[PDB]
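Encoded as structure tokens, the structure appears first; notes follow it.
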Amino acid sequence: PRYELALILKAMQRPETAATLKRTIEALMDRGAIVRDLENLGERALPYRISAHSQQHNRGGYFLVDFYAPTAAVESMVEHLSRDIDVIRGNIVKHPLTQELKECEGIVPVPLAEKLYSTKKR
Amino acid sequence: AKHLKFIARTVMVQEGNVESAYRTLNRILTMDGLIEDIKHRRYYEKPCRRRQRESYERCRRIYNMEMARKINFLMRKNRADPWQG
Amino acid sequence: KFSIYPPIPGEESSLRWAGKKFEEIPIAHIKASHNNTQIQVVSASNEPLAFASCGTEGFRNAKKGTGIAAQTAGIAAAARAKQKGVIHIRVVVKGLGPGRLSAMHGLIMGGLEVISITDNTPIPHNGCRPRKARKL
Amino acid sequence: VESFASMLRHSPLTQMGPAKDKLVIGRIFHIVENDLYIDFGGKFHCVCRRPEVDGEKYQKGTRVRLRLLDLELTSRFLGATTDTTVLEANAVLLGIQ
Amino acid sequence: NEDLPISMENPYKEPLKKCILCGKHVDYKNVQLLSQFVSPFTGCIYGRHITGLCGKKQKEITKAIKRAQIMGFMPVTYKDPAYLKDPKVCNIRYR
Amino acid sequence: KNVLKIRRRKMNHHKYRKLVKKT
Amino acid sequence: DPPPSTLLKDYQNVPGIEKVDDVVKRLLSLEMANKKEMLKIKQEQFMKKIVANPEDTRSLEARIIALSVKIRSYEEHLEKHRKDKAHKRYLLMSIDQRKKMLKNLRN
Amino acid sequence: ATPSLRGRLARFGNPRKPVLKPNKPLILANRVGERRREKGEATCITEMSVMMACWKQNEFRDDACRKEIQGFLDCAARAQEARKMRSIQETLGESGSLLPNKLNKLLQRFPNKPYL
Amino acid sequence: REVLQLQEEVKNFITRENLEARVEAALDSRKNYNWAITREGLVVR
RNA sequence: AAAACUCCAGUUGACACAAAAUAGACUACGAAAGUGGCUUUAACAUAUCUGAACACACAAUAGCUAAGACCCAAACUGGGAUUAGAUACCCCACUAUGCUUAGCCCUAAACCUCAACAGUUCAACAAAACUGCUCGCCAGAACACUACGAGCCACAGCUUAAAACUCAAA
Ligand SMILES: [Mg+2]
Ligand SMILES: [Mg+2]
Ligand SMILES: [Mg+2]
Ligand SMILES: [Mg+2]
Ligand SMILES: [Mg+2]
Ligand SMILES: [Mg+2]
Ligand SMILES: [Mg+2]
Ligand SMILES: [Mg+2]
Ligand SMILES: [Mg+2]
Ligand SMILES: [Zn+2]
């Protein structure tokens, strides 16, 4: 099935960022994945500080990938990007649009429940 | 901690109105349900009596909301009796 | 027109105090609790300016956790702050307590100007288990 | 001879439809010093407050135009086997004649 | 006979009202929307009676909020200051 | 409701525990 | 135990499987998807090998082969998770129902 | 706006477990609860704080304490006048919040019934 | 009909030689998913 | 109030095998026990029903066996208080333990005390009264979650389970 990799790496220059990206895609191909496309979210200041493998980082580059891969590729890539230092975080998830949206007909009015108690004068 | 300071749970003073600042602060905290949580987490709350408190609070909310609905529904009826005899 | 929200290091902040930006203003810190409240004043760069407490004022176990003791501690800390040359202050409060609301009035009477009030009280997301409930 | 079914099919209410968001003309039959009760149509009268403008221009037989929400105010609560009523009808007025 | 009623549906039926997001899609990346759906100061998630949307969408957006928080797109304590000058959907009373 | 029989069983079981602790 | 590269169940009537690219055939292979695709391919193989009339799930033999493939799935899951009491109970109940229907089929 | 109670209580047709477990049966009562006090009155604390300050500075010099001692006395008198004012206010009727007596009167002029 | 979409999208699928151009193009480009919605349900960017 | 710590406390920076605010006014999953931080994997029986106390598989917390884990809480214990006395309620410190592994024990007010299946419209209290079929259970109180006997990795136990004497009540 489809797998979206959300990638958050440290703020650094285009050459080494592209090096990290190409080696990650090489790891995908080695595991046997097929990349659909690459999406750049861009560089942004992180909301909260993070302690990486060896440092702390306040700014970070957000990238996103979508690809196809088997199951074991998931864990293999998780451990790969965990051993990787340039990446701050990497998370694999599934595609939302693959879950076809159930057709909605609006919100039904909930009538107040009744007959919880018997007819008694008390 | 590692989050930035002076964004959350803040309130800016205007014209040195410290009392109104703290009033707005505790109002928003209670509307978010924070002072309640703090005073309850002072001591540990067992799951059983937690569930009991929670169910009682649900029923209390239900009864109070329905009473308020009927009060707002019947406030207009409280007027000068037109037909005395 | 007034914005209740505080400023941000990213521009723009159109409000200074004594010709200074919001960030570099000193911080008053308050640690409130049942039996005692501890107050401190620190610079923007972590440099502790003034520190005092109800115990240093000379209040006893029953009376450390009161509003009058908090007011006195605020008066003393404001005296120290005015001696060292501090006028404006950003307030930070931590925890519940009787003298919580009273420390601010104490500082004001001492002669400081609180510009903002921040409540960095501890809230655990079910992190740790507190003590067991008392049976009064 | 005409059946009640025919008279209902040609009735003013079947052509009126939903009472909400509809104008209607009416008159008053009883009026207290502070409020006035308009008999406009259907079963119930609608009680209303005297407006600040043109206060004295409200007497018996005055034809006032006004809208209405429903011809009967009711509501069912948690312990109400039969819904509480008001014996009245909510309405808002914005003109006369 | 002809004037009599007949079994028939009610065309006065008001169509079932739909929440602002009943039809639209939600993701863990629309930090703008997911910050509109949370308290600005404390970071607490506004409940259903504050928000005013259906339970399915509330569940989706709250799970997405938690995912973004743990992922890094959003903080946990303080709402992002840049998203404050946006439409206020969630009703409140303190101001 | 009343729990007198429950308390009877309670004291029976407690006395039995004590008896077994002794013997 | 079908191969991994075998395309999915649904994409068999279409004649575009040969003309389409090799990467497309690969991503259409059932090895990419979850194992329930593999399981339905298996039960189709069994029904084509055994049953005279396929496309008849109401049949006792179809129910039996479905439960057998599900039982082997649960067996593999338990062998990977020796501690999964829920799936163990499900497997036991499934074997019991399978024996019940084998009995009534023999009858 | 109100929360539903379809399958919250333990009912016969309710298959799953119950959500709510109220001690008493939940039926709309025909009387409203009566108002309560808020806390124990307190005031003039800052006034007597200034007084004690000036006292310990000037060794009980009343002609110099005049300002804050007068302020303290005036604040005590104001607080007592305010107590009398809020008392007569509660007697004449709370503004915005109607009185429980007349509310109960209305509810018993048109009460709810759980029975037929 | 469903096969044809992902059949044509194979051209969009990157590969090894397309990598050293698509990476640069993507990192040079910028894209966001953020968008809000008002009371009535109108999208706003 | 005492006792305890001052290698104490406040701000700031780095850091966990611990438990997972708000959402949740939601009522969903699981047969039950139970499950509400995030991602991935596998997966959520039976298209007549009932059905083993001759079986099998589970079975909260607590407890046991051998390694490990240490924020916090805490049986026990110690000390300080109160009390005529306090082996407790209050306070401080700490331990088994609560946690991850491979096993064992197999009990709860395990109750929503309301059996499963297919359906309909009055003793009192409680959660209105009922119909057709099916399995299980009950026969005055107490002796009795007991004795004897039989089985269990359990050896202060668990399951099954009486009898004698006494009373006219319970
Ligand atoms: Mg009860
Ligand atoms: Mg909650
Ligand atoms: Mg254990
Ligand atoms: Mg230990
Ligand atoms: Mg239970
Ligand atoms: Mg039972
Ligand atoms: Mg049964
Ligand atoms: Mg027992
Ligand atoms: Mg025994
Ligand atoms: Zn919706």
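In the structure tokens, the first chain shown is A, the next is B, and so on; residue numbers restart at 1 for each chain, and ligands run from 1 in the order shown.
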All residues having an atom within 12 Å of ligand 9 (only C-alpha atoms (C1' of nucleotides) and all ligand atoms) as a list in words: residues 13, 16, 17 and 20 of chain F; 144, 145, 146, 147, 156, 157, 158, 159, 160 and 161 of chain J
Non-local contacts of residue C:44 (9 Å; only C-alpha atoms (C1' of nucleotides); under 2 positions in same chain excluded) as a PyMOL selection string: chain C and resi 23-27+42+46-47
Residue H:109 environment, 10 Å, only C-alpha atoms (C1' of nucleotides), sequence neighbours closer than 5 positions dropped, as a PyMOL selection string: chain H and resi 30+103-104
Cut-off 7 Å, only C-alpha atoms (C1' of nucleotides) and all ligand atoms, neighbours of ligand 1 as a PyMOL selection string: chain H and resi 22-24
Expected file: the selected residues, C-alpha atoms, as a PDB file, in the first residue's frame:
```pdb
ATOM      1  CA  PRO H  22     -27.133   8.062  39.259  1.00  0.00           C
ATOM      2  CA  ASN H  23     -27.980   7.330  42.873  1.00  0.00           C
ATOM      3  CA  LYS H  24     -31.501   8.760  42.673  1.00  0.00           C
TER       4      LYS H  24
END
```
Between atom CA of residue G:90 and atom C1' of residue J:40 - distance in Å to one decimal: 23.6 Å
Selected residue, from J:1, J:31, J:137, J:14, that lies nearest to chain G when counting only C-alpha atoms (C1' of nucleotides): J:31
9 Å shell around ligand 7 using only C-alpha atoms (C1' of nucleotides) and all ligand atoms, listed as an MDAnalysis selection string: chainID J and resid 50:51 115:116 135:136
Take the residues from that selection and write them out as a PDB file, in the first residue's frame, keeping N, CA and C atoms (P, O5', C5', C4', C3', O3' and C1' of nucleotides).
```pdb
ATOM      1  P     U J  50     -26.732 -19.769  20.282  1.00  0.00           P
ATOM      2  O5'   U J  50     -27.479 -20.788  21.251  1.00  0.00           O
ATOM      3  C5'   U J  50     -28.338 -20.315  22.276  1.00  0.00           C
ATOM      4  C4'   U J  50     -28.872 -21.448  23.114  1.00  0.00           C
ATOM      5  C3'   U J  50     -27.821 -22.335  23.757  1.00  0.00           C
ATOM      6  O3'   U J  50     -27.335 -21.785  24.969  1.00  0.00           O
ATOM      7  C1'   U J  50     -29.507 -23.674  22.749  1.00  0.00           C
ATOM      8  P     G J  51     -25.801 -21.333  25.110  1.00  0.00           P
ATOM      9  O5'   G J  51     -25.110 -22.589  25.797  1.00  0.00           O
ATOM     10  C5'   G J  51     -25.710 -23.213  26.922  1.00  0.00           C
ATOM     11  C4'   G J  51     -25.754 -24.707  26.753  1.00  0.00           C
ATOM     12  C3'   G J  51     -24.405 -25.396  26.642  1.00  0.00           C
ATOM     13  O3'   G J  51     -23.809 -25.642  27.901  1.00  0.00           O
ATOM     14  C1'   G J  51     -25.803 -26.142  24.898  1.00  0.00           C
ATOM     15  P     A J 115     -31.476 -12.483  33.707  1.00  0.00           P
ATOM     16  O5'   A J 115     -30.475 -12.557  32.473  1.00  0.00           O
ATOM     17  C5'   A J 115     -29.073 -12.636  32.679  1.00  0.00           C
ATOM     18  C4'   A J 115     -28.464 -13.801  31.939  1.00  0.00           C
ATOM     19  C3'   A J 115     -28.861 -13.942  30.480  1.00  0.00           C
ATOM     20  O3'   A J 115     -28.136 -13.071  29.629  1.00  0.00           O
ATOM     21  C1'   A J 115     -29.028 -16.043  31.548  1.00  0.00           C
ATOM     22  P     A J 116     -28.823 -12.472  28.307  1.00  0.00           P
ATOM     23  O5'   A J 116     -28.688 -13.644  27.240  1.00  0.00           O
ATOM     24  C5'   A J 116     -27.409 -14.127  26.865  1.00  0.00           C
ATOM     25  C4'   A J 116     -27.509 -15.266  25.885  1.00  0.00           C
ATOM     26  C3'   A J 116     -28.468 -15.068  24.722  1.00  0.00           C
ATOM     27  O3'   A J 116     -27.938 -14.263  23.685  1.00  0.00           O
ATOM     28  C1'   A J 116     -28.792 -17.213  25.648  1.00  0.00           C
ATOM     29  P     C J 135     -33.263 -28.200  28.581  1.00  0.00           P
ATOM     30  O5'   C J 135     -31.904 -27.724  29.259  1.00  0.00           O
ATOM     31  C5'   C J 135     -30.656 -28.072  28.680  1.00  0.00           C
ATOM     32  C4'   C J 135     -29.550 -27.149  29.123  1.00  0.00           C
ATOM     33  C3'   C J 135     -29.350 -26.997  30.620  1.00  0.00           C
ATOM     34  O3'   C J 135     -28.637 -28.075  31.198  1.00  0.00           O
ATOM     35  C1'   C J 135     -29.310 -24.868  29.605  1.00  0.00           C
ATOM     36  P     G J 136     -28.950 -28.531  32.706  1.00  0.00           P
ATOM     37  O5'   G J 136     -28.330 -27.366  33.594  1.00  0.00           O
ATOM     38  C5'   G J 136     -26.965 -27.003  33.467  1.00  0.00           C
ATOM     39  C4'   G J 136     -26.650 -25.765  34.265  1.00  0.00           C
ATOM     40  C3'   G J 136     -27.141 -25.774  35.704  1.00  0.00           C
ATOM     41  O3'   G J 136     -26.299 -26.502  36.576  1.00  0.00           O
ATOM     42  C1'   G J 136     -27.725 -23.725  34.696  1.00  0.00           C
TER      43        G J 136
END
```
Residues within 12 Å of residue H:113, only C-alpha atoms (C1' of nucleotides), excluding chain neighbours under 3 positions, as an MDAnalysis selection string: (chainID A and resid 117:122) or (chainID D and resid 76:84) or (chainID H and resid 27:30 107:108 110 116)
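For ligand 3, the neighbouring polymer residues at 12 Å or closer are residues 61, 62, 63, 64, 65, 96, 97, 98, 99, 100, 101, 103, 104 and 105 of chain J, only C-alpha atoms (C1' of nucleotides) and all ligand atoms being used.
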At most 12 Å is the cut-off: for each residue in chain B with any atom that close to an atom of stretch 98-102 of chain C, write down the nearest atom pair and the distance in Å rounded to one decimal, counting only C-alpha atoms, chain first then increasing number, as JSON lines.
```
{"residue": "B:18", "atom": "CA", "partner": "C:101", "partner_atom": "CA", "distance": 9.6}
{"residue": "B:19", "atom": "CA", "partner": "C:101", "partner_atom": "CA", "distance": 8.8}
{"residue": "B:20", "atom": "CA", "partner": "C:101", "partner_atom": "CA", "distance": 11.7}
{"residue": "B:21", "atom": "CA", "partner": "C:101", "partner_atom": "CA", "distance": 11.0}
{"residue": "B:22", "atom": "CA", "partner": "C:101", "partner_atom": "CA", "distance": 7.9}
{"residue": "B:23", "atom": "CA", "partner": "C:101", "partner_atom": "CA", "distance": 10.2}
{"residue": "B:25", "atom": "CA", "partner": "C:101", "partner_atom": "CA", "distance": 11.5}
{"residue": "B:26", "atom": "CA", "partner": "C:101", "partner_atom": "CA", "distance": 10.8}
```
Please, could you write that set of residues out with C-alpha atoms as a tab-separated table (two decimals), in the first residue's frame?
```tsv
chain	number	residue	atom	x	y	z
B	18	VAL	CA	-3.94	43.76	37.58
B	19	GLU	CA	-7.22	42.70	39.18
B	20	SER	CA	-9.05	42.49	35.85
B	21	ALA	CA	-6.05	40.73	34.33
B	22	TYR	CA	-6.07	38.02	36.99
B	23	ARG	CA	-9.87	37.81	36.75
B	25	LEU	CA	-6.90	34.69	33.67
B	26	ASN	CA	-8.77	32.57	36.20
```
Can you pull out every residue with an atom within 8 Å of ligand 5? Use only C-alpha atoms (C1' of nucleotides) and all ligand atoms and format it as a PDB file with N, CA, C and O atoms (P, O5', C5', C4', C3', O3' and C1' of nucleotides), in the first residue's frame.
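File produced: selection_35.pdb:
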```pdb
ATOM      1  P     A J  33     -16.376  -7.188  31.589  1.00  0.00           P
ATOM      2  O5'   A J  33     -15.025  -7.671  32.275  1.00  0.00           O
ATOM      3  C5'   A J  33     -15.050  -8.370  33.509  1.00  0.00           C
ATOM      4  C4'   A J  33     -13.686  -8.893  33.879  1.00  0.00           C
ATOM      5  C3'   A J  33     -12.589  -7.849  34.008  1.00  0.00           C
ATOM      6  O3'   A J  33     -12.596  -7.177  35.254  1.00  0.00           O
ATOM      7  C1'   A J  33     -11.807  -9.643  32.694  1.00  0.00           C
ATOM      8  P     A J  60      -6.449 -11.506  35.146  1.00  0.00           P
ATOM      9  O5'   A J  60      -6.534  -9.973  35.553  1.00  0.00           O
ATOM     10  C5'   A J  60      -7.088  -9.027  34.656  1.00  0.00           C
ATOM     11  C4'   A J  60      -7.705  -7.861  35.383  1.00  0.00           C
ATOM     12  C3'   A J  60      -6.900  -7.300  36.539  1.00  0.00           C
ATOM     13  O3'   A J  60      -5.840  -6.459  36.123  1.00  0.00           O
ATOM     14  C1'   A J  60      -9.164  -7.518  37.183  1.00  0.00           C
ATOM     15  P     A J 110     -17.556  -6.438  41.905  1.00  0.00           P
ATOM     16  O5'   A J 110     -16.938  -7.858  41.545  1.00  0.00           O
ATOM     17  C5'   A J 110     -17.742  -8.868  40.957  1.00  0.00           C
ATOM     18  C4'   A J 110     -17.296  -9.167  39.551  1.00  0.00           C
ATOM     19  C3'   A J 110     -18.085 -10.225  38.803  1.00  0.00           C
ATOM     20  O3'   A J 110     -19.298  -9.731  38.267  1.00  0.00           O
ATOM     21  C1'   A J 110     -15.777 -10.607  38.506  1.00  0.00           C
ATOM     22  P     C J 111     -20.579 -10.689  38.147  1.00  0.00           P
ATOM     23  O5'   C J 111     -21.805  -9.681  38.251  1.00  0.00           O
ATOM     24  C5'   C J 111     -22.148  -8.845  37.153  1.00  0.00           C
ATOM     25  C4'   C J 111     -22.681  -7.512  37.611  1.00  0.00           C
ATOM     26  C3'   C J 111     -21.619  -6.445  37.871  1.00  0.00           C
ATOM     27  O3'   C J 111     -22.114  -5.161  37.503  1.00  0.00           O
ATOM     28  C1'   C J 111     -22.850  -6.825  39.847  1.00  0.00           C
TER      29        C J 111
END
```
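A distance cut-off of 10 Å from ligand 2, applied to only C-alpha atoms (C1' of nucleotides) and all ligand atoms, picks out the residues residues 54 of chain B; 21, 22, 23, 24, 26 and 36 of chain J.
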Please dump the current selection as a PDB file, in the first residue's frame; keep C-alpha atoms (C1' of nucleotides).
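File written: out.pdb
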```
ATOM      1  CA  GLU B  54     -17.563  11.797  36.623  1.00  0.00           C
TER       2      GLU B  54
ATOM      3  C1'   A J  21      -4.320  16.472  30.678  1.00  0.00           C
ATOM      4  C1'   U J  22      -7.746  18.631  27.277  1.00  0.00           C
ATOM      5  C1'   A J  23     -10.502  15.864  23.149  1.00  0.00           C
ATOM      6  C1'   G J  24     -14.382  12.773  26.497  1.00  0.00           C
ATOM      7  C1'   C J  26     -17.893  11.384  22.904  1.00  0.00           C
ATOM      8  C1'   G J  36      -9.258   5.844  25.862  1.00  0.00           C
TER       9        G J  36
END
```
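Within 10 Å of residue G:46, once only C-alpha atoms (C1' of nucleotides) are used and residues closer than 6 positions along the same chain are dropped, the contacting residues are residues 40, 54, 61, 62, 65, 66 and 69 of chain G.
For the choices A:51, A:82, A:40, A:99, the atom-to-atom distance to chain J is smallest for A:51 when using only C-alpha atoms (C1' of nucleotides).
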